[PDB]
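What follows is a single structure, written as structure tokens, with notes after it.
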Amino acid sequence: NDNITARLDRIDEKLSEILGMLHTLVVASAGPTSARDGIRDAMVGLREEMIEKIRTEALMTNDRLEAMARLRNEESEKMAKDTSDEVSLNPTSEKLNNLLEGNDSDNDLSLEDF
Amino acid sequence: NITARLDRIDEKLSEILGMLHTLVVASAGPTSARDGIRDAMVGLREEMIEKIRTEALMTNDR
Amino acid sequence: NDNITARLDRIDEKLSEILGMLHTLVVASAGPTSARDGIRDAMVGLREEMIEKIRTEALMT
Amino acid sequence: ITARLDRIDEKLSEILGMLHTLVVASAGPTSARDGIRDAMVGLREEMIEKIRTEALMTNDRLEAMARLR
Amino acid sequence: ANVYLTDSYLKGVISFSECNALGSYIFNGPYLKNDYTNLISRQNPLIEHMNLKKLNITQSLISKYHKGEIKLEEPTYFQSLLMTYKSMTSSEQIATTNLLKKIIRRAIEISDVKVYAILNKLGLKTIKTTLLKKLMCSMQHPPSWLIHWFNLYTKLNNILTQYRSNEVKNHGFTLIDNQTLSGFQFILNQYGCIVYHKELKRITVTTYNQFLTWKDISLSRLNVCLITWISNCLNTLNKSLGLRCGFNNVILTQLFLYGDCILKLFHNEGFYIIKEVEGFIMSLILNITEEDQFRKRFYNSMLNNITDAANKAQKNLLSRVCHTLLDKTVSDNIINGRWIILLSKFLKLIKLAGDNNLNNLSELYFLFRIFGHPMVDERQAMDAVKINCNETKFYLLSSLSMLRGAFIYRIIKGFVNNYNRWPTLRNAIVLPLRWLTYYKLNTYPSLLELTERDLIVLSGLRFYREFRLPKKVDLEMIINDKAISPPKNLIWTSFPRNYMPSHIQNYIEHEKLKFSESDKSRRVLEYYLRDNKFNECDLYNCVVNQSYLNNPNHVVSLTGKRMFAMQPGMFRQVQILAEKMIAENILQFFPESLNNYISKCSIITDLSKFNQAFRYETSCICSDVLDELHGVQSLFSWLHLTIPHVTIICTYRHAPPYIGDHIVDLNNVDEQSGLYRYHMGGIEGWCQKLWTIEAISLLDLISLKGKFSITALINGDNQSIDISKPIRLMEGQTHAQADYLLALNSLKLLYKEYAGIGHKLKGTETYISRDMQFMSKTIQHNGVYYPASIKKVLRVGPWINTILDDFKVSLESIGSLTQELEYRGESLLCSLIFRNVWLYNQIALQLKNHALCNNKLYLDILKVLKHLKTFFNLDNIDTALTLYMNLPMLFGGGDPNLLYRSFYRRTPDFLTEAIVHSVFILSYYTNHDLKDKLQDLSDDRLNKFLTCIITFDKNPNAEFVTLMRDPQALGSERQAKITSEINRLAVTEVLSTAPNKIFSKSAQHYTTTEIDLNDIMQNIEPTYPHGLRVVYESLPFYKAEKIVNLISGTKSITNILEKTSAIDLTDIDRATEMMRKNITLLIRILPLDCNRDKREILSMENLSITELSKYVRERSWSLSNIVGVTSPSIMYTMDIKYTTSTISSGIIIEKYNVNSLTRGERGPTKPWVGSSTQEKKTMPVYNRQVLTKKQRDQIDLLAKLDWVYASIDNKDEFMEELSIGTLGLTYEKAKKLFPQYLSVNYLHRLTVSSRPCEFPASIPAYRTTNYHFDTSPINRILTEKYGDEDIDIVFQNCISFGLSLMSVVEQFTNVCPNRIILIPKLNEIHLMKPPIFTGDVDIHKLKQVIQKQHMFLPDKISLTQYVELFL
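Chains as they are written, first to last, in the deposited numbering: chain B, 128 to 241; chain C, 130 to 191; chain D, 128 to 188; chain E, 131 to 199; chain A, 10 to 134, 184 to 619, 627 to 659, 689 to 1461.
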């Protein structure tokens, strides 16, 4: 009775196909158009063509690289900086910290300078 | 083992139904409320049908 | 058996629901006024026909 | 009838078909639209009967609880 | 007939555009910014700006300016000039020093009386106390840093008092003043200020709110210096007397100066940098409480934040003042880059002020209040919000379905927990097999047994209606004392007529003929009073028909008061209803909204900009479930369907848009700065509960994906996550490293999951820790709590938190604010002396400069003091003021805080506490011993007082309505009147002429309904005022009373329907005579012969204060018997022993800590909180969610009423008429829903709104854990004397008294006692047995009340609603 096993494999293959194309599906929200004169519908599209539309600036956005990195299930280096072992200081903050470390009177300012 | 196969098929079908219903809900947005078609997509509920009933049972007087 | 027939019936119900949701999605994925106003007119008559339904059924007695 | 699987099979086909059409209608502009509102399948009566049937089930429940009054 | 009273304190905002427009007109060029405000302000000036520029002094000053002799500046330049002002002659130095010396001496002399009384009661012992004699020797030379701020405050306050008085007398007054504050010249007005410094050759223009801010700054710094001087002297006397912090006040003044320099260097932009030194305090705290990795990470992030703020401030400053009149005003230390040095100094000083002490470091949060407020630019705030709210987001469908499934899971779980049943599904054939079993069995799986496929499967459910919408509108939720937005066609009436084009002025006057008089209202109350076509079922029909959709009247107006948003009246109704339904039905399911090692961390997130990233696709997948549970469409989804189609406009008065001619529609005006379209949802404040519960659902999803546990807590706009996880330690790994790795991994998860739904967090809001949490500004560390209590008393001053400058409300505000230095600061005496400083200032110094009475209240107070001097046979009018300021306000005196409030916080009878306070105070002069019993000792001052109290002429009127409103009222004109009583008749006569027929018909029957409510329960022979309160609260007159009491709290009740901000002189006269009568109450209450010389004076042998109170309260009303109100005072009833008696015979309190001092320490015991008993009733079984909330409130009221009054011989007709009239059922159908009470003493257990439900101590809750109490011997004695019979003494208040006694004895002796024993006076305790009521209720009058006020009745219980109750 390989009839039933064959037809069940048919069904399972097609079910896996439908789930695979349903789990690869990206939604873009509703918003103003370009040359703003109305609203556009929310758009549903496959992951790759949506990443294409983001890359070619057909769906305008500011954080373009950040969006494309998130849609590809990966983290950029901004994501790895904001969630890193130890925070690293800017130049101005390095200078302020040198001015804060050590009561050596390195400041050299008083209120009457003004 | 046939009932096990039928059970896995029903589980996949339930997964598809969850996804598709969330997609129907999330795409009835401000544009469908503007175009006046949102209730054809979300359905008619108790209060609207109560109003229809009280309009039909009370044609003008009763 | 009872199990296999009940399970095939439940699968049938689920598949009918999936087709209905897909039909709603494809018809609502319209964006000009033609199909949208068609849905509007369909929903004005549906309301009217439900009112007629309710009245003519409660006028049974 | 255990080879009713047949119908199941064919119905899945239909589902898959429509699903593809969906993801073509939203990426339609300038890509898959020679005419406005790309050629569909002409199927809006079925969702109207869907709405009708569920609204009638709701009305049935309302009137069945308003019967005891 | 119309006067204008102006503000004394800052209540609004400082306007960028008012200042910019005024200065652009005056100096003839772009003043602060090159925008449209300056251009329209110079083209078409207002009339007040023309008046200011037209004066002779202004003409001369700007003539001097246009020749290049004076230089323009920024208001922060002059803030730094004022706060540095020292100039004063030897005479002025002597005068200020003398005034301060006198104030301080008089405050210590007032406080001596209470301190003597307390030391006399505890048995511890022109100034009799040795403690305050030493303190007076300490405080006889104020320091210079204190005289500085006192002199500055006095000057600026004199200037403002001058202006306000002369503007009440004359309208349009401008105050020109160059002699008050030497060097400076002021030109004040309510429309602008002009300040001129002649020796420095500087001039500035600003607004009136900015002058108010300067005065408030100087008062704040004076209060800081005063508090710290007082507490440092106290702490030098005894280390336990002062506060737990200790400051050096030559460092705090340097901090003041350096912050002023930072604000003078960076202009208005400097408030960026000032706003970043909160994180510096936090970092200094975490350097104490945290371990290496956490605190290093926090420190580095903080430094980055600070320098980014300073770089942004410099860039924005240089770009703004570039093509304006202020381009030459930018310092050279800004492009040099040397500002950083100055910044360094600031931070170092903070680190010196903190002193590595958690006490100083947690007190130092007052630094963020003490530099003023910035001028808010409205157009640029709008322009910042626009970019985030116009963006496109990208989601995966799986993300949305898992979020929706987690929401549905919360709902299912909550239904099964609360209602013992799944919600009703309408598509149950989507559940596979396992969830069908969970549905049939009415169970759910756990989070550990749950999966992500399970959430995607749950995402497919649809529901049937469970809850119901109210059909009649509730008036108390929609009526307000705020402003309202005009329709979209009448929006151009938001701006002056001069600032609008000539084609908009012709269009407004023609459009105003098409709208109703309710649509042109500009206030909410006026919006509702002017509606002659109102209907109770209008909001219901709107929500059901969706009339808020595609509506051509919708607009969003943003004002400066962080961008408060408004819309017209219908949409405001709909917003309020959606939030109310979520709060009522849904928040019960979301309760956090109100292996060899267990790793633990904690994440803190700021969710203040959370709403800008929400789109329809993310909010409404969940608001759709909420729609289906209520049977509606779009109600909970209203925002993201309506707001994308309207215009957002900045409708501040001085910030109009540029309208190009031919254009009169708002949706056709060009987008510009301050006006835009296509807002993709997220208006702040609206829809906040929805977003809170969505955040909680997302946290559940994160805990399922990360496989740890979470304990969330969302309190406003700050969430605090506690994450726990069982792990197995590696080789050579410590616990701290394990917790740090947990924190980092959880942080990556949280970032991923928030970014998946469109919320991109950033390293500024979020920070990780492990043990501590700044819980909504509350530092706790090791179970000990560190308060910021100086921040609460900064604005304590004369006329605070009052309407029309009411004297009594100012005294009450001072008292209740100053109690924070005792309830949190844990110092009785510092709070006392600070209170007395400001009370003496308010009474003896500022009562003769009233803006409306002008000296009349001071002549009244002098009459009162002479009466007191004669009655009590005092020495002079300086002893009489010391006496008046220590007498209760109930009797007509001036003490806002009674003694019992220092030991426990709640009492069930105010009259006994007032009499005991008076006895304890008069002991200071009569020399009675508060440890003995009462005798008569050659001195009949206390006999005279008590005789005058119990002897008076009876004059009762409206006894039962008055005891319904205030169950503790006194009657016969034996107490002071409040504002609700004076303005009631005026409010009803104003409401009788409103177009809205609901308010008119209610207000025309008000007096007759009052007469019926009096003649409704007047034949029940024992009077129980707490049962009269239930009878009152279960009737429709309660709602009308609430609305009238709302309206009577406004300024000028008379001018509500007159469209003016002025005050009618009848309102002034009413308030003035209220004030004068309230002042001379004490003359009326203490006659100079005790109401007759031949009346036998009260003999005080075998006297009971509780019987005396009961007699006074009954004689004042002429009622034979009043039950359930009189209760003994714990402070008087209990005697305090410190040695172990033979038999203890009381309550025993004991110290479990080993240390001699327990302040700032934690103990082994459990915290004491009061927590009155839990009710013993039986709830019936029916479907609760078929009734709304108000129907269940009414059911519980009628159950209580059927409990208390089950003894009258009318009960059947009474309860039948109540049930029919209020709920629509008969008594037999309604009695099936009543909770049945198993108790027998309703005199002990009844819960009304007029009774306390908690009795906490006057001590922080962490501090109660050091002590242990034992109440066995007093139970033995009380049971042998009475025996299985209820008595009238409260248990929680005895425990609270004992605990606070431990605290206070430690404060005063520097040693905590090992044990304290409390022994009661048994002649103060009586029987509290429930009575047998006789006589019957008046049913005709009950019907009359129900019928006259019928329009405030709730929804009736239907038949389609009553059949469904038992299904």
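Where is the CB? At the ideal position from N, CA and C, for every residue including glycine.
- For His-199 of chain A, the three-state secondary structure derived from DSSP is coil.
- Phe-730 of chain A and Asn-1051 of chain A have their C-alpha atoms some 50 Å from each other.
- If you look at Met-1168 of chain A, you'll find it in the alpha helix (DSSP H) that goes 1159 to 1179.
- A Cβ of chain D is located within less than 8 Å of the beta carbon of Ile-487 of chain A.
- Using a Cβ-Cβ cut-off of 8 Å, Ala-133 of chain B does not count as an interface residue toward chain C, since no Cβ of chain C sits closer than that to its own.
- Annotation for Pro-1425 of chain A: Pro-1116 and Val-1217 place their beta carbon closer than 6 Å to its own, counting only its chain and skipping 5 residues before and after.
- Between the stretch 976 to 995 of chain A and the stretch 1197 to 1210 of chain A there are fewer than three C-beta pairs closer than 8 Å, too few to call the two in contact.
- Closest in alpha carbon position to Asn-556 of chain A, among A:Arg-1170, A:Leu-48, A:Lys-619 and A:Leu-1192, is A:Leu-48.
- The beta carbon of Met-1168 of chain A is closer than 6 Å to those of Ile-1076 in its chain, skipping five residues each way along the sequence.
- Secondary structure at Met-148 of chain B: helix, using DSSP grouped into helix, strand and coil.
- Listed in chain order, the beta strand (DSSP E) runs fully inside the stretch 192 to 236 of chain A are 233 to 235, counting runs of at least 3 residues.
- Assigned with DSSP and collapsed to three states, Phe-868 of chain A falls in coil, not helix or strand.
- Per DSSP, reduced to three states, the secondary structure at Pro-54 of chain A is coil, with no helix or strand assignment.
- For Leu-888 of chain A, the secondary structure class from DSSP, reduced to helix, strand or coil, is coil.
- When the Cα atoms are used, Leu-146 of chain C and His-150 of chain D turn out to be separated by approximately 13 Å.
- Between the C-alpha atoms of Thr-311 of chain A and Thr-93 of chain A there is a straight-line separation of about 10 Å.
- DSSP lists A:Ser-818 as the beta-bridge partner residues of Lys-694 of chain A.
- Ranked by Cα distance from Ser-1074 of chain A, the first of A:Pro-503, A:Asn-1113 and A:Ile-897 is A:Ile-897.
- The distance from the Cβ of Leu-81 of chain A to that of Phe-25 of chain A is about 16 Å, inconsistent with a contact at the 8 Å cut-off.
- Residue A:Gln-766 holds the alpha-carbon nearest to the alpha-carbon of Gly-754 of chain A among A:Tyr-746, A:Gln-766, A:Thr-745 and A:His-748.
- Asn-11 of chain A has A:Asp-1158 as its beta-bridge partners, per DSSP.
- Contact check for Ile-166 of chain B and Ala-157 of chain B: beta-carbon distance about 6 Å, within the 8 Å limit, so the pair qualifies.
- Out of A:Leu-376, A:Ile-549 and A:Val-531, the CA that lies nearest to the CA of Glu-594 of chain A is found in A:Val-531.
- DSSP, read as helix, strand or coil, puts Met-1422 of chain A in coil.
- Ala-630 of chain A is bridged by DSSP to A:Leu-616.
- Counting of Cβ neighbours within 10 angstroms places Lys-572 of chain A among the exposed residues, the total staying below 16.
- Going by C-alpha positions, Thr-1267 of chain A is about 50 Å away from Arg-182 of chain C.
- With respect to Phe-521 of chain A, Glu-722 of chain A sits close: the two C-beta atoms are nearer than 8 Å.
- Chain B has no Cβ within less than 8 Å of the Cβ of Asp-164 of chain E.
- Between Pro-633 of chain A and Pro-544 of chain A, the beta carbon gap of about 7 Å places them in contact (Cβ cut-off 8 Å).
- Counting C-beta pairs closer than 8 Å gives three or more between the stretch 1381 to 1391 of chain A and the stretch 990 to 1004 of chain A, which meets the contact rule.
- Put simply, the CB of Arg-199 of chain E is near chain A, with a gap under 8 Å to one of its CB atoms.
- Ranked by how close their Cα comes to the Cα of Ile-742 of chain A, the residues A:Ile-1147, A:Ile-777 and A:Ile-757 have A:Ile-777 in first place.
- The stretch 1314 to 1329 of chain A makes contact with the stretch 1438 to 1458 of chain A; the number of CB pairs closer than 8 Å reaches 3 or more.
- Using a CB distance below 9 Å, the part of the stretch 208 to 226 of chain B facing chain A consists of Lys-208, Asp-209, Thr-210, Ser-211, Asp-212, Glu-213, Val-214, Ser-215, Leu-216, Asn-217, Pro-218, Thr-219, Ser-220, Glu-221, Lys-222, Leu-223, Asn-224 and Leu-226, ordered along the chain.
- Boundaries for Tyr-1321 of chain A: no beta strand (DSSP E) harbours it, while the alpha helix (DSSP H) harbouring it runs 1321 to 1324, taken from the DSSP string.
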